[PDB]
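I have placed the structure first, in the form of structure tokens, so that the comments after it can refer back to it.
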Amino acid sequence: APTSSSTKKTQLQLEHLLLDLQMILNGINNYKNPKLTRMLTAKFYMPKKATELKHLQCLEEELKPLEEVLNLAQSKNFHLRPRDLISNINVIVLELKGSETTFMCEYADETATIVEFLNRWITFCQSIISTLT
């Protein structure tokens, strides 16, 4: 596959991010319970902006606040034992580059529930690609 030329392997690395995001987060997004009063605990502090691969570093710390809510989504839909797969996507954005940039994940604007982290990284990919060309 054209890798060093980069004309099309950008699409392959792309399928990787959407591969672990859809297989993993599509299952945790199946919470069709009308009683999610105990699920507001998500409190995920999603970043303000996210138009570059730099904000992707927040993924490694987001696994902590999301781990607690994972206990309620642990039975059928989100039964993939390896939840680290999303944290693995963070390891592949670091291997792609994640180069010299001391930038503390600036979260702000307001706190968020579990639907904001979901659409956050899934929409993170589908968006950054629609602006490339």
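Chain labels run A, B, ... following the order of the structure tokens; each chain numbers its residues from 1, and ligands are numbered from 1 in the order shown.
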
Write out as a ChimeraX atom specification each polymer residue whose atoms come within 10 Å of range 72-82 of chain A, counting only C-alpha atoms; drop sequence neighbours fewer than 3 positions from it.
/A:23-31,38-39,67-69,85-88

Residues within 6 Å of range 105-120 of chain A, please, as number ranges by chain. Count only C-alpha atoms; anything in the same chain fewer than 2 positions from it doesn't count.
A: 40, 42-48, 58, 122-124

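The set of residues in chain A assigned to strand (DSSP E or B) by DSSP, using only backbone atoms of this structure, is residues 44, 47, 107 and 112 of chain A.
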
Restricting it to N, CA, C and O atoms, dump the selection as a compact mmCIF listing (two decimals), in the first residue's frame.
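The new file out-v1.txt reads:
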```txt
# COMPACT_ATOMS: atom_id res chain seq x y z
N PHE A 44 -17.30 13.79 31.92
CA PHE A 44 -16.08 13.88 31.07
C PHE A 44 -15.81 15.34 30.70
O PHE A 44 -16.67 16.04 30.21
N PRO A 47 -12.35 18.42 25.66
CA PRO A 47 -11.60 19.65 25.33
C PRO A 47 -12.48 20.65 24.59
O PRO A 47 -13.48 20.30 23.99
N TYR A 107 -9.17 21.76 28.92
CA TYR A 107 -10.64 21.47 28.89
C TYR A 107 -11.34 22.70 29.48
O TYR A 107 -10.83 23.32 30.39
N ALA A 112 -19.24 17.61 30.79
CA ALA A 112 -20.07 16.88 29.79
C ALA A 112 -20.46 15.50 30.33
O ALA A 112 -19.90 15.01 31.29
```

Could you list, as an mmCIF file with N, CA and C atoms, in the first residue's frame, every residue within 12 Å of residue 2 in chain A, counting only C-alpha atoms and ignoring same-chain residues fewer than 5 positions away?
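Writing the result to selection_18.cif gives the following:
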```cif
data_model
loop_
_atom_site.group_PDB
_atom_site.id
_atom_site.type_symbol
_atom_site.label_atom_id
_atom_site.label_comp_id
_atom_site.auth_asym_id
_atom_site.auth_seq_id
_atom_site.Cartn_x
_atom_site.Cartn_y
_atom_site.Cartn_z
ATOM 1 N N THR A 7 -0.046 9.305 -0.326
ATOM 2 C CA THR A 7 -1.244 9.768 -1.082
ATOM 3 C C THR A 7 -2.505 9.039 -0.643
ATOM 4 N N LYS A 8 -2.392 7.820 -0.186
ATOM 5 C CA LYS A 8 -3.623 7.071 0.174
ATOM 6 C C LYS A 8 -3.511 6.328 1.500
ATOM 7 N N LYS A 9 -2.329 6.061 2.014
ATOM 8 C CA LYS A 9 -2.286 5.348 3.331
ATOM 9 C C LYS A 9 -2.853 6.260 4.412
ATOM 10 N N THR A 10 -3.020 7.548 4.147
ATOM 11 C CA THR A 10 -3.647 8.429 5.186
ATOM 12 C C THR A 10 -5.033 7.816 5.472
ATOM 13 N N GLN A 11 -5.619 7.263 4.435
ATOM 14 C CA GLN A 11 -6.929 6.576 4.527
ATOM 15 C C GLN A 11 -6.795 5.301 5.384
ATOM 16 N N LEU A 12 -5.684 4.589 5.295
ATOM 17 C CA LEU A 12 -5.515 3.333 6.108
ATOM 18 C C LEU A 12 -5.451 3.691 7.595
ATOM 19 N N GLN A 13 -4.514 4.531 7.990
ATOM 20 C CA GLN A 13 -4.423 4.953 9.432
ATOM 21 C C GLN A 13 -5.803 5.441 9.884
#
```

May I have the residues within 10 Å of residue 51 in chain A as number ranges by chain, using only C-alpha atoms and disregarding those fewer than 5 positions away in the same chain?
A: 56, 124-125, 127-129, 131

Pull the alpha helix (DSSP H) assignments for chain A out of DSSP run on the backbone, and list those residues as a ChimeraX atom specification.
/A:9-20,26-28,58-70,84-96,114-130

Using Å and a single decimal, report how far CA of residue 21 in chain A sits from CA of residue 66 in chain A.
14.3 Å
